[PDB]
Amino acid sequence: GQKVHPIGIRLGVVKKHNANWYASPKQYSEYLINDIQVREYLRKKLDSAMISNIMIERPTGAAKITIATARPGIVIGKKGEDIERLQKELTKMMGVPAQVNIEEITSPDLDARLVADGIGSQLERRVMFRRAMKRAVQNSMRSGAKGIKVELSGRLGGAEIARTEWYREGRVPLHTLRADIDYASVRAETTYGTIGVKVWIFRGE
Amino acid sequence: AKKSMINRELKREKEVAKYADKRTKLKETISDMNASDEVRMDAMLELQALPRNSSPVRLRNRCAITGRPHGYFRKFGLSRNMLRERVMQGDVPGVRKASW
Amino acid sequence: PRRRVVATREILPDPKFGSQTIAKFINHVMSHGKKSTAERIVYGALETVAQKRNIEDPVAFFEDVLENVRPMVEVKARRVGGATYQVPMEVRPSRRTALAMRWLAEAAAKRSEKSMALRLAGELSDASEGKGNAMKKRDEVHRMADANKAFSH
RNA sequence: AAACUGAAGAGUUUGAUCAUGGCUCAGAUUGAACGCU
RNA sequence: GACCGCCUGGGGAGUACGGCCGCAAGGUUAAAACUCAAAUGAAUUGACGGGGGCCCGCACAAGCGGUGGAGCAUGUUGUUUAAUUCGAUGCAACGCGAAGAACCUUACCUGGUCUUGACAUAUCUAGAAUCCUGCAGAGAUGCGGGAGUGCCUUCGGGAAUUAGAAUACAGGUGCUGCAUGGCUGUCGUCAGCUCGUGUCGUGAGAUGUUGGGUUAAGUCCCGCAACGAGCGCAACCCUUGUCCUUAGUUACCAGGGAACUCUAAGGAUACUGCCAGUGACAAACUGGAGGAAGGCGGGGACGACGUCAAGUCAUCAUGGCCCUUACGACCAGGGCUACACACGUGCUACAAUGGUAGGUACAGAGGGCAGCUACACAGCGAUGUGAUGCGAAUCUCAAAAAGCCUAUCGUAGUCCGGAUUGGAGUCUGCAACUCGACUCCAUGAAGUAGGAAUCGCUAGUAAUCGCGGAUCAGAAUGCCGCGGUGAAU
């Protein structure tokens, strides 16, 4: 526990906030609470389709939610009937129409959250942690990442003593502020406890 | 915090919302100098007779997500822990690490 | 420090004589960053001694008393194989002035006159002839240096 | 014609190593005993 | 190759007993029981040395100011309690979680109560929810009376909704940070930490990464069985220092102006770039010019592989264990504020470089409808009433204080200090007894510079002086910031 968040330290130099609205000092708190509610609802509902970058920007009441997923087809549904239900469920627990327009991740091996959640799903499927970690490294490296680091922390393989393991390939220079490093941290709820999964994908400058 | 304490804050705020207007009109009545002395005395007696949780003083600000009473920020409505988590994830617009 | 020798800061002279020596003494009298209070203390002392001694230019008198207070040999601790030897050495001129000014201020801080400016003027007068706690401290330091006078390492 | 056919190692000293070196084990055997059957 | 001597795990033990030798001291020959799974040799990587060499950091030294002595604030221990809730414990716990305990918070104690329950889903019975009421009670709660009949589909009816009918269950700040994730401290912003291939060694490993310099730096150069790479260093980010450009209000004022300051966006500059030397024909260092800035211009954020089974199961999440008319839940009162005591952080002082009374100046930053208040009046004051402007570069908090001029005090426990106590009030709040903060009058305690010991600081720093903000109804001497004056070494 001695490292800054890669996204947060880069929030203004090369990255952008995944929430772009403006409020007044009194309105801001309720905007933020509603935003966090929508985010947690979305991440629990669309847990099948591999969404990674839900972005909330609300211009004057009406909002424009933008989810980026690697599998837009399943979350949109047939002719677009799941997306309408999602639209109205968002609108119900926000103020007025939440236009959710859905992007597409054309390289799911370069997004850190998709890699981390894949490793997590494999871990909850009682797959060897070393093999899952190495598979993710290989997949990202041959998909074209300039660097990938993946850290697995916890009771790995049912071990009584938790340990931290990791693999790195490429550069992933955390201290460089202009590095374009995607980062994700998820948890796999195994049968022996929680295993934390951290993924750094360094893509350029 | 405990689910019971979160629901206790909720039911404490329900009475505040239910008697918000009555308190305002009664407060104007008791602070009215043109009003009769016995009238304002009786109004203050009613104010002290109102149900206890109806006061906005017994309300304790808690984190929206965790319900933590200590380490609260009004502008964000969350405790320091999850405030830091969301700022570092980038979920909180405008807010970033400061240095000067 | 441990590596380099810092370039010393420039000290602007006192406003009413234009002398960096009096400015540095005002700094030595200063406390809590009060230049005005230190300057009026020192100026009161200087005008008191000047009006008592009938001297038109008192900066030369201050130089005289300063060179009279300045020591020449100070005792320095040296280590040679576990022996602490109090070797007497010369005093570099900057340290000479600093020691003289510090001794003058600390001696004037303990006298019995009513105002601190009066105290400082009395101390300047006394060290002019060769008396006062500044003179006693200088004599004590010279006494220790001569008491050793046996280590020329 | 034949009597000419036979040879395995492991554990344990160290943070680790190689050596030394003891201890221990896997085999065969019995005029056997004991226990369960 | 010849011959001789000797060994067969470590102890017991070169010991016992018996011979032989010796004046003696003893020597020599030489067991056993028992006991232990080791005892050893050489080398390797670390760590350590009251070993050596080289180097750095307020580490010391040189200085400035403190703490340790007083009163008070705050935290902890101990004690005491019905309870004085829980955690943090060498640096790296002790103004720490807590960015603010009258109720609430609250997790503790006393008492009064509830049991699919304050909260989620499965369900079927009536009703739009919702509003106004009476009494009893400290309140939680208990028993009763009136108004309203939703909306879309319409006779299956549905997003919400009140009281249960029961099983699942919910709930748990209950335990295990030594089962964990996430987060954090710390060595330490120290300059290190590794890997691939090659080579060397039976091997653990080594080399690279060592050496000569150099640097803030494993920084860079040159050597070199190494050749390369990665994370660290640096840079990229923010702020400040000079200038230019766009712009000129609510900002500015040189002569309505578009000059200036300022505001806030985009850029320029700084690169050892030039000169002289020293240096292996190097890296680099030393000095100089120009420039606002010179070598990393100043400050910050950024914290490598790892170490402490470091901290947190009481933010949260979670494996397991445990309780389910209770360790869950609701309410009132009390406690978390007790004090023979001890310690840790501070604040105010012990005065004349000062106190007091008059005048007279000079800031920055931040806050303001969950409000700040111009002005007028009333009050000794805190404040109260009326009223005005402002969601603010407009109005306001708000006056900056230290500073300067004059008078006075004249070294006294005082015209210092302002604790403690008595009285009378103002606000906030349902409510100020436990247990608020201010105001006024009276009192006027210790304290005259602090033992052993010990701490911070290298420049706009220390020291000192005020001013804001978070939390917050009220409640900072703490925390987080801002500027003023401004050193010594």
Side-chain angles (χ1 to χ4, degrees), chain A residues 1-4 9-10 12-14 24-26 88 92 147 149 153-155 158-162 164 168-179 185-198 205, chain B residues 1-12 18 33 44 47-63 65-75 78-82 84-85 96-100, chain C residues 1-3 6 9 24 26-38 40-41 77 94-95 98 101-102 109 112 114-117:
Chain A
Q2 40 202 137
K3 264 148 206 93
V4 74
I9 195 80
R10 273 154 194 103
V13 28
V14 295
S24 83
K26 200 171 73 261
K88 92 190 316 223
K92 184 255 297 150
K149 180 168 51 140
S153 147
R155 293 179 58 174
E160 246 193 295
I161 280 156
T164 311
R168 202 199 288 120
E169 274 257 7
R171 281 183 57 222
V172 55
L174 287 182
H175 282 225
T176 275
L177 255 9
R178 68 170 132 101
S185 149
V186 308
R187 29 201 299 141
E189 300 313 321
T190 66
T191 203
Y192 280 103
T194 287
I195 279 158
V197 177
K198 301 217 185 123
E205 288 293 57
Chain B
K2 272 193 286 193
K3 198 99 149 193
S4 49
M5 209 93 48
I6 305 146
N7 304 334
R8 173 184 317 166
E9 161 185 40
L10 264 296
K11 70 104 169 180
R12 187 159 299 140
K18 187 160 72 76
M33 44 295 279
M44 262 200 316
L47 177 84
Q48 314 169 345
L50 287 175
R52 201 84 89 76
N53 291 327
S54 59
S55 65
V57 160
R58 284 166 75 89
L59 282 194
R60 189 35 182 274
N61 274 346
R62 296 184 114 100
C63 163
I65 303 323
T66 36
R68 218 184 87 119
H70 269 314
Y72 177 91
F73 292 81
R74 276 159 187 218
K75 191 193 181 85
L78 324 154
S79 75
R80 53 177 191 75
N81 304 277
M82 321 279 254
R84 175 154 182 281
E85 313 208 353
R96 54 178 304 203
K97 292 266 270 144
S99 34
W100 69 98
Chain C
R2 202 193 278 275
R3 297 174 302 194
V6 291
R9 300 181 181 86
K24 171 60 76 134
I26 277 144
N27 282 323
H28 277 271
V29 169
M30 194 208 285
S31 211
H32 317 294
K34 315 242 261 183
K35 269 274 208 43
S36 294
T37 316
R40 67 179 56 192
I41 296 300
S94 82
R95 168 164 196 71
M101 291 195 153
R102 179 185 304 124
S112 287
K114 263 310 171 91
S115 174
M116 172 69 199

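Note on naming: letters A, B, ... go to the chains in the order of the sequence lines (proteins, then strands), and numbering restarts at 1 for each one. These numbers come from the heavy atoms of this one structure, side chains and all, not from hydrogens, waters or symmetry mates.
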[X] near the nucleic acid: base, sugar-phosphate alone, or nothing, with a heavy-atom cut-off under 4.0 Å?
{"X": "A:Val4", "result": "sugar-phosphate"}
{"X": "B:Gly71", "result": "sugar-phosphate"}
{"X": "A:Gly170", "result": "sugar-phosphate"}
{"X": "B:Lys18", "result": "sugar-phosphate"}
{"X": "A:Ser24", "result": "nothing"}
{"X": "B:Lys3", "result": "base"}
{"X": "A:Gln2", "result": "base"}
{"X": "B:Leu10", "result": "nothing"}
{"X": "C:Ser36", "result": "sugar-phosphate"}
{"X": "A:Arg10", "result": "nothing"}
{"X": "A:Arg178", "result": "base"}
{"X": "A:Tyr192", "result": "base"}
{"X": "A:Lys92", "result": "nothing"}
{"X": "C:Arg9", "result": "base"}

By the criterion of two distances each under 3.5 Å, are [N] and [M] a Watson-Crick or G-U wobble pair?
{"N": "E:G192", "M": "E:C231", "value": "yes"}
{"N": "E:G277", "M": "E:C285", "value": "yes"}
{"N": "D:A19", "M": "E:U40", "value": "yes"}

Do neighbours E:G164 and E:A165 have base six-rings closer than 5.5 Å at the centres and tilted less than 30° apart? yes
Options [options], nucleotide nearest the side-chain atoms of [X]:
{"X": "C:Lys34", "options": "E:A473, E:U315, E:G354", "value": "E:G354"}
{"X": "A:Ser153", "options": "E:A107, E:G182, E:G354", "value": "E:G182"}
{"X": "A:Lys26", "options": "E:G172, E:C302, E:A370", "value": "E:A370"}
{"X": "B:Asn61", "options": "E:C430, E:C316, E:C472", "value": "E:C472"}
{"X": "A:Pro173", "options": "E:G232, E:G328, E:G410", "value": "E:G232"}
{"X": "C:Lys24", "options": "E:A488, E:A107, E:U318", "value": "E:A488"}
{"X": "C:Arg2", "options": "E:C231, E:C56, E:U353", "value": "E:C56"}
{"X": "B:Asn81", "options": "E:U315, E:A370, E:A118", "value": "E:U315"}
{"X": "A:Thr194", "options": "E:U106, E:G172, E:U318", "value": "E:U318"}

Derivation and outcome, side-chain contact (heavy atoms from CB on, under 4.5 Å), residues C:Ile26 and C:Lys35: CA-CA 7 Å; C:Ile26 277 144; C:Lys35 269 274 208 43; 4.0 Å; yes
Do me a favour and sort the pucker of E:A229 into north or south by its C1'-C2'-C3'-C4' torsion.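 E:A229 falls in the north pucker range.
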Quick check on D:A8: from the sign of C1'-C2'-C3'-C4', north or south pucker? south
With a 3.5 angstrom cut-off on both distances, give the Watson-Crick or G-U wobble partner of E:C96, or none if there isn't one. E:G87
Go ahead and name the base partner of E:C243; Watson-Crick or wobble counts if both distances stay under 3.5 Å, otherwise write none. E:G267
A:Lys198 vs E:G182: side-chain N/O to OP1/OP2 distance below 4.0 Å: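 It does, given that an N or O in the side chain of A:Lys198 lies less than 4.0 Å from OP1 or OP2 of E:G182.
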Side-chain touch B:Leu59/B:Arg12, heavy atoms, less than 4.5 angstrom: yes
